[PDB]
Number of protein chains: 4
Amino acid sequence: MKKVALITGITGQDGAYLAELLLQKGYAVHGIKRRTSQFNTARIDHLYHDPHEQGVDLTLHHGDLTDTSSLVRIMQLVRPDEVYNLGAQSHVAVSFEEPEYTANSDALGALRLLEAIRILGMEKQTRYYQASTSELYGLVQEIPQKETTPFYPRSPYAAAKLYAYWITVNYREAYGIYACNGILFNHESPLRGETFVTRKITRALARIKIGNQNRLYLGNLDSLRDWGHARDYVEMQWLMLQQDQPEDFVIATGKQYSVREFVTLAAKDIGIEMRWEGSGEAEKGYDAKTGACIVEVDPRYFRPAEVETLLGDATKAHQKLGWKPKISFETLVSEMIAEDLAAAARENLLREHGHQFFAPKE
Amino acid sequence: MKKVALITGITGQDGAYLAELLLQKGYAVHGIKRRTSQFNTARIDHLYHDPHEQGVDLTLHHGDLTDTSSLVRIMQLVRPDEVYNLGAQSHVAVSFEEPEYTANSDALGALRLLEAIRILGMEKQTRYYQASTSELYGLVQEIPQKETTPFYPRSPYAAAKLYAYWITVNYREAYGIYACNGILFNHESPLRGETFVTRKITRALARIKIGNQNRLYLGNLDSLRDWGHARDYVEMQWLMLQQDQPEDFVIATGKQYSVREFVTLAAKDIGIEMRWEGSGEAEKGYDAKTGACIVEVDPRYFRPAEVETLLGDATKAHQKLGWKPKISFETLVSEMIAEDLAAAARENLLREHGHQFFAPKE
Amino acid sequence: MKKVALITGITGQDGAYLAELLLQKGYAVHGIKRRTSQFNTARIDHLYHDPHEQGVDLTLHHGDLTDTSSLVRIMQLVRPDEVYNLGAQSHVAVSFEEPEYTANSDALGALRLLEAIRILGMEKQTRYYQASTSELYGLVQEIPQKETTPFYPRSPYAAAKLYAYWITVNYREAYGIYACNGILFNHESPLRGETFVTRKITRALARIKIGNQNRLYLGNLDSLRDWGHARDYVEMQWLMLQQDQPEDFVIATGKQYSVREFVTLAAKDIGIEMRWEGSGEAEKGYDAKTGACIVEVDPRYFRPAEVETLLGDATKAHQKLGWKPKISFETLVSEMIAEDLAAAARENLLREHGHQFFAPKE
Amino acid sequence: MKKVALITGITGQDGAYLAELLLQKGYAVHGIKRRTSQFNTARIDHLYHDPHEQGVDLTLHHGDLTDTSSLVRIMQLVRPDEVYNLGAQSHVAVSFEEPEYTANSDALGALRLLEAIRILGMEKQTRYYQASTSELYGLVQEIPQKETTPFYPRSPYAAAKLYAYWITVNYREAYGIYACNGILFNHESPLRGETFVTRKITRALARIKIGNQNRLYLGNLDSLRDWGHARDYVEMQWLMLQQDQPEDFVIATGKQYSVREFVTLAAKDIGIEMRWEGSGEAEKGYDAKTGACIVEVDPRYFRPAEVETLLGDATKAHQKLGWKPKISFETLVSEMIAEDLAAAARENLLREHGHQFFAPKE
Ligand SMILES: NC(=O)c1ccc[n+]([C@@H]2O[C@H](COP(=O)([O-])OP(=O)(O)OC[C@H]3O[C@@H](n4cnc5c(N)ncnc54)[C@H](OP(=O)(O)O)[C@@H]3O)[C@@H](O)[C@H]2O)c1
Ligand SMILES: NC(=O)c1ccc[n+]([C@@H]2O[C@H](COP(=O)([O-])OP(=O)(O)OC[C@H]3O[C@@H](n4cnc5c(N)ncnc54)[C@H](OP(=O)(O)O)[C@@H]3O)[C@@H](O)[C@H]2O)c1
Ligand SMILES: NC(=O)c1ccc[n+]([C@@H]2O[C@H](COP(=O)([O-])OP(=O)(O)OC[C@H]3O[C@@H](n4cnc5c(N)ncnc54)[C@H](OP(=O)(O)O)[C@@H]3O)[C@@H](O)[C@H]2O)c1
Ligand SMILES: NC(=O)c1ccc[n+]([C@@H]2O[C@H](COP(=O)([O-])OP(=O)(O)OC[C@H]3O[C@@H](n4cnc5c(N)ncnc54)[C@H](OP(=O)(O)O)[C@@H]3O)[C@@H](O)[C@H]2O)c1
Ligand SMILES: C[C@H]1O[C@H](OP(=O)(O)OP(=O)(O)OC[C@H]2O[C@@H](n3cnc4c(=O)[nH]c(N)nc43)[C@H](O)[C@@H]2O)[C@@H](O)[C@@H](O)[C@@H]1O
Ligand SMILES: C[C@H]1O[C@H](OP(=O)(O)OP(=O)(O)OC[C@H]2O[C@@H](n3cnc4c(=O)[nH]c(N)nc43)[C@H](O)[C@@H]2O)[C@@H](O)[C@@H](O)[C@@H]1O
Ligand SMILES: C[C@H]1O[C@H](OP(=O)(O)OP(=O)(O)OC[C@H]2O[C@@H](n3cnc4c(=O)[nH]c(N)nc43)[C@H](O)[C@@H]2O)[C@@H](O)[C@@H](O)[C@@H]1O
Ligand SMILES: C[C@H]1O[C@H](OP(=O)(O)OP(=O)(O)OC[C@H]2O[C@@H](n3cnc4c(=O)[nH]c(N)nc43)[C@H](O)[C@@H]2O)[C@@H](O)[C@@H](O)[C@@H]1O
């Protein structure tokens, strides 16, 4: 019959792309949405577009990863075949300011879902995906990082995810629940949250190009990341729940780029050749042709403990799942720059027609 | 020197209006904001508009009412003279779906702030305002309701707020902390959350008038509420912290209107004379001139236990504070209808210029 | 067939007496016990005494009122016909030191149990008793206090209990769950915790008479309490769950005595005629015959906000349940004094035979 | 000038031994004690014995590891130079029944203490010890296990401890707080909780020898453990806080014994030579001389996921700290058997003199 999926974090980047994929595969899709003082469904509102009157099997439920009652209620109501725990306080910098809330959401949240499956007698009915992460590798102990690279978390977010990784393994080993860990490396999109580095860059460059913004302030320009596109990555989240046995998989492109390179690439798409002068906190990025200063370093964006370099070896995912990234880095950055230009243009169009719009800033 | 205020719930309706008021009074204003996967500051983004380059003393901090560590950290960092606990899971209908999260945020959240003042030795420095509510009267034991009317909660939200009312009273009596309860009756605005009844109505009527929406579905049409404007009410929140002694005050207009009356008034503002035909769940609201069906009843919007009527006697606030509502009900409904028309018009302008916009729905 | 009862707080005073009563009535009795680093079942160990080899249907489960998963797991496993929420951080003085933990256990704990009944679909099978309390009346608004006397909490314990009272009322009214509030006034026994005032007195007097202790230090000697015996009161807890409709009942003796009177009565049973000289913090109690100082006042035992007098009108319980206290105040105090002498004697017997025993102190 | 120590879990085995050690070293010792419905200080009551009237600088505070407010209050009140986080839901089997409570106590509890040190500005005043454990190695990846052996948790307790290990490392690296992890292997004593395997065996064998108990029921007899004496290990907890730099250390004897061996050794001390007949769940242990059945296997004591073998390489602690176990395995087992015999004799003495005592059982 119709497959039922329950997605926590459905309003986030991955949840949006995953809901779309599962709707297109014919699922009855349910999402756990936080109560919010305003609409917070901007990433998925388009999924309710139904011109043919065919019907959209998308259902949103109020709950919170800190609230076991709400999670057990929704699990009981929905009775899903597949649970995707994508919900999280997902920002590493913020986890230094809210470590307890982050642990409660990201570590105990997974336990609550797994314990709900056990309490409700769903061990043979429900498959469970945990949104694990390359942040587990932190101060990397091998280069590249694979499934067997020992973990070394460097933030309260990664410590919390490490718990969720191991509580997922424990429920698989102790109880036989189909529970697995997607160890996904950084993946971005035009739906990426605005204060993560890639979206912050493409958003600042777009508004600098239009003229609504003056400067882009960044932190560690030397930080190296394996960056993919979220549309490719959520497909591996679905596929990992379709296998005969539950297993953990690294998902990654196998190439890493620095924050400096990301700025330089993204600046090209808006017609700026970046020139870098200076070292450390003094380093600055300039438009080569005009001489204008585009990028400066603000140490307020350094993290208390940095993860300097991530690079994933997804050999096993390639062999067992056929993992191959379809969207390339350069394609990713162009889509993000184009989408952010359009957003800045939509804000100019409003102000051109006498409607006020005041932009948000971090 | 400069007065320091800390506002929880600063991204909400009251928090936005209170931040504006306190900025204009010269405060250094600090808000506690939840981590969110998107920008969620649309109610206060305009407050950073600074054409004269004078500077805006508005600071946002990441924290959560369920996280004691984050609240003590911010309280310790900010050291405010005035704390306004406006943050809450504030929707009564949702509190039946997330009673535990609601209790954790709305009841224990207030304790965490008060206990932080005590632990940090701030009893003689910090005055505390608790966002109490007319929901405490629930199944009303007197009509009208005043400060001495016994409480009777009817939802997990009001049960939680009742705790926060008394823990605030207790810390005032046990420890001598300046802690008081604004017992505020329903107050609305163009910043009201879209799923509360008044904003749901004005938003639905605006989009029906434009033609973007077909029908408005409501629950209990007979529910009676004392409705004021949030801009008037937040002024009394500030004033209650300026007194010689801490005291609890009912704030209310003294007149109540039904949900049916609200639809009728708001439809009148868009040129529709409502005609009501039918009883109970079969009751429907029609355009008298065109005959078109505008409003129907869906039992899905009933609450498990209803609060049927609220009406506040704010005599004591009038005598001691000079409380007198400046904005009238009819003005409030007009301002809300105009703003929702403008918002729907901004979305048509986007689609008229080839930009896609998909609207959210509850 | 066999009735199933679930008792939180089974290791406490009421839980021990209630477990015994329900075992004698033929129940399958289940208790939620906290994990403890030592055996903590001394109040109920005797219930496992089975010389006739009949069998004792007493089962203990690990859980905690702060842990929703543990409560739902146990509720799912046991599927009880009757739930008695006796578990609590029950000490008023401690609630000023641990207000948050007290709220989480005493307020949210009851919600977790009620929400488990609803989530598990047990609304038509399970009846729920909430251990409400005369502490709700706090700064008493009527003398005597009855079901309709408005509440006035005076500690973080009473605030937390007030929430649990109203969430019990709300689940009854909103969902039709058989849930009621026993508004029980103070009840004591030889199993009373050692730092509550009556047991502190009888324990100190027994050890003073034997010679193991020198002086009894107390706080507010003028505090007035309606004191009954827990063995009578747990019978009304059981009976309230046997009625046709769920209802809240005050249970009380209808007479109150002061702390000073309790000392004087309890001292009389060990052969000491108390004579009181002095006022306030200087007041002291002496043995009339020997002149020795037995009682002094230590302000360290005052509460930040005191409840000065409690006196219950249990007319409705008398009329509707046949509530009549069988054990009198004087019988209660004699039984408490006898048990504390016996305990002090069992400790002297150990040391006389070369076994060391070191007694605990507050 | 007097050194101040704060010990969570002071009523537990290690806390009792650590309190004694620090009192002898001249500390002002503070413990966090849970509110309990009875006295729960039996492990430390003897520490208040003061024959010379010199004074005992031991202070107990009410708090809970699940309650951030109570922890910050105590940290603020006590302002210790050394914090020892020994408090925990420490039983591995129970953690499968209360995984969430265990996570809240054992994982987030450590964070709450570390975050309190940071919020209160104590980073340069306070050293922090985390009670990490050989359970982190779980499904051991190296034999023997050293500081660099990768972790592999096998229970919700170890998953929770793994979080607390890494949040301790993270606060050391991100903030420079003197915070270290004692990775202690199993250590026992006569104060060991009665349901851990070693104390369950010695307690059951003593009562079997006296004749008060018939049979000892155990689970996995093949489990291998590196067993030391808690009195030796708490000395290393103190010493790890006296070094120049914070560092993590394995503490272990370097020899492992099986559960079967422990029974056999302990039975010898009560004059029973164990003979084992059978395999697996049919395996039974008999008195070789009398033929009586002493030990049987009950699968109810199996854990859902077992830790089969632990063996510690404490080379680094030996080289840097001078670690050498002073008390041997045989000495530990003899001491535990003697105390359990003495305890069982005290219970007969009570019943021999006409006093009732009903013993507890797991
Ligand atoms: N992006 C990457 O490169 C990457 C890599 C590896 C792993 N991951 C993990 O994969 C998941 C998806 O990432 P993402 O990029 O989609 O993150 P995201 O954009 O920040 O989405 C987070 C989602 O979780 C929700 N959420 C947060 N706290 C919650 C709570 N207490 N209860 C319920 N829902 C809560 C958010 O709701 P709101 O919309 O209300 O805030 C949002 O829907 C996360 O767990 C993330 O940590 C991400
Ligand atoms: N409006 C009325 O008529 C009325 C009447 C009486 C009393 N009150 C009370 O007065 C307060 C203000 O009302 P309002 O209309 O401004 O409500 P609102 O629009 O719903 O604002 C609630 C605010 O609290 C924040 N919040 C929610 N849960 C939180 C959590 N766990 N941690 C931290 N912040 C959290 C929300 O953040 P997000 O934006 O991220 O969701 C938002 O900023 C509320 O406490 C409400 O219950 C309101
Ligand atoms: N006694 C009275 O006169 C009186 C009057 C009115 C109402 N009440 C209420 O009636 C109930 C019974 O009173 P009582 O005298 O029996 O109290 P008690 O002797 O202090 O018993 C409290 C029980 O609750 C357990 N408990 C505490 N915290 C818990 C938690 N977080 N999770 C699970 N269990 C927990 C305790 O376990 P431990 O043994 O491990 O501590 C104990 O079994 C309480 O709710 C009390 O407030 C009492
Ligand atoms: N024993 C070993 O071989 C071993 C080896 C490695 C690591 N460890 C760890 O080292 C520590 C000490 O072990 P142990 O044998 O002394 O354990 P234990 O006998 O079980 O002591 C645990 C202590 O923590 C307290 N506690 C439990 N939950 C608490 C909470 N929520 N809030 C506050 N206090 C709480 C307990 O109080 P009550 O008395 O009220 O229950 C008790 O004082 C534990 O963290 C343990 O897991 C032990
Ligand atoms: C893999 C990991 O990716 C994301 O985790 P992060 O929060 O680490 O990713 P982000 O893209 O924000 O940062 C990556 C690297 O960029 C550096 N950086 C430099 N300047 C800036 C700046 O101004 N802002 C931000 N946000 N980062 C900056 C950072 O120091 C860092 O090294 C989340 O999606 C997690 O949920 C996920 O687990
Ligand atoms: C006073 C109280 O006001 C608000 O509390 P409420 O949640 O009760 O206000 P709301 O405006 O949502 O409802 C008032 C009355 O309208 C009836 N109603 C009828 N049809 C609908 C419908 O479709 N949607 C909603 N939301 N309500 C409907 C409800 O039954 C109710 O009786 C919040 O701001 C609280 O935080 C605050 O404490
Ligand atoms: C009704 C209420 O009774 C109990 O609540 P309490 O905590 O109020 O009862 P307790 O017996 O401790 O105190 C009653 C009155 O005695 C006064 N008092 C004087 N000297 C002392 C002293 O040394 N110790 C204590 N504990 N109290 C002292 C107190 O100030 C107070 O006025 C618990 O069972 C609750 O759970 C229950 O809800
Ligand atoms: C190291 C670790 O030691 C302790 O952790 P554990 O809970 O694993 O120690 P325990 O002594 O309970 O068990 C050790 C081994 O004995 C086996 N076993 C066999 N039969 C029984 C039985 O009847 N009861 C118990 N309790 N265990 C039994 C178990 O399967 C296990 O393999 C705690 O102190 C932790 O906090 C600490 O971190």
Side-chain angles (χ1 to χ4, degrees), chain A residues 13 88 90-94 131 133-135 155 157-158 161 184-188 192-193 195-201 217-221 223-225 259 297-298 301-303 306-308 310 362, chain C residues 8-16 31-34 36 40 43 63-67 85-95 101 104-106 109 131-135 155 157-158 161 182-188 191-193 195-201 217-221 223-225 227-228 230 233 259 298 301-303 306-308 310 362, chain D residues 34-38 40 64:
Chain A
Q13 164 186 265
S90 74
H91 203 284
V92 169
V94 179
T133 165
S134 52
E135 282 297 293
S155 65
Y157 161 82
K161 286 298 194 158
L184 270 59
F185 282 59
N186 298 59
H187 46 282
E188 329 290 304
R192 187 59 135 144
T195 67
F196 296 101
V197 79
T198 63
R199 182 78 195 280
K200 173 187 185 172
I201 287 160
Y217 297 101
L218 285 171
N220 176 17
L221 294 174
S223 175
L224 295 163
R225 286 299 184 274
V259 169
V297 169
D298 185 350
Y301 298 117
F302 294 156
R303 279 91 190 267
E306 178 68 279
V307 172
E308 289 294 346
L310 297 174
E362 54 167 15
Chain C
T8 70
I10 192 157
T11 58
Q13 166 188 267
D14 290 5
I32 299 184
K33 164 186 137 51
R34 297 199 293 173
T36 55
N40 79 326
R43 286 190 181 90
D64 193 291
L65 288 162
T66 68
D67 181 356
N85 190 34
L86 308 189
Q89 196 300 92
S90 76
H91 203 285
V92 168
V94 179
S95 79
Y101 171 79
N104 198 12
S105 300
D106 300 359
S132 279
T133 166
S134 52
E135 284 296 292
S155 67
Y157 162 81
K161 285 299 195 158
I183 310 174
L184 270 59
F185 283 60
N186 299 61
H187 44 280
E188 328 291 304
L191 312 190
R192 187 58 134 144
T195 69
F196 295 104
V197 79
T198 65
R199 183 78 196 280
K200 174 187 187 172
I201 287 160
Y217 297 102
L218 285 169
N220 174 17
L221 295 173
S223 177
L224 295 163
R225 286 300 183 276
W227 271 309
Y233 284 46
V259 167
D298 185 350
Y301 297 111
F302 294 155
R303 278 91 191 265
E306 177 68 281
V307 173
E308 285 289 341
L310 297 175
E362 306 194 341
Chain D
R34 296 197 292 174
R35 154 72 191 175
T36 58
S37 70
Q38 294 176 112
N40 79 326
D64 194 291

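In what follows, chains carry the letters A, B, and so on, assigned in the order in which the sequence lines appear, proteins first and then strands, with residues in each chain numbered from 1. Numbering of ligands and ligand atoms starts at 1, following listing order. Because only heavy atoms are used, hydrogens play no part in the values below, and waters and symmetry mates are left out as well, while side chains stay in.
Residue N220(C) holds the heavy atom nearest to atom 19 (C) of ligand 7 of all those in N220(C), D14(C), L221(C). By heavy-atom distance, the residue among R303(A), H187(A), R192(A), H91(A) lying nearest atom 29 (C) of ligand 5 is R303(A).
Within ligand 3, the atoms closer than 4.0 Å to a non-hydrogen atom of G87(C) are 24 (O), numbered from 1 in the order shown. Under a 4.0 Å criterion applied to the non-hydrogen atoms of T11(C), ligand 3 contributes the atoms 37 (O), 38 (P), 39 (O), 42 (C), 43 (O). Annotation for ligand 3: atoms under 4.0 Å from non-hydrogen atoms of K161(C) are 45 (O), 47 (O).
Distances shorter than 4.0 angstrom do not occur between any heavy atom of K33(C) and any atom of ligand 3.
For the atom pair CZ (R34(D)) and CG (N40(D)), the distance works out to 7.5 Å, reported to the nearest 0.5 Å.
Checked by distance only, ligand 7 and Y301(C) stay at 3.5 Å or farther apart across all their nitrogen or oxygen atoms. Remark: ligand 3 and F196(C) share no N or O pair separated by less than 3.5 Å (distance only, no angle test). In terms of polar-atom proximity, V197(A) is counted as a contact of ligand 5, with an N or O under 3.5 Å from an N or O of the ligand. Considering backbone and side-chain N/O atoms, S37(D) comes within less than 3.5 Å of an N/O atom of ligand 3.
Closest of all the heavy-atom pairs between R35(D) and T195(C) is NH1-OG1, 3.8 Å.
With sequence neighbours excluded, the residues satisfying side chain to side chain contact (heavy atoms under 4.5 Å, CB included) with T133(C) are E135(C), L136(C), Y157(C), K161(C).
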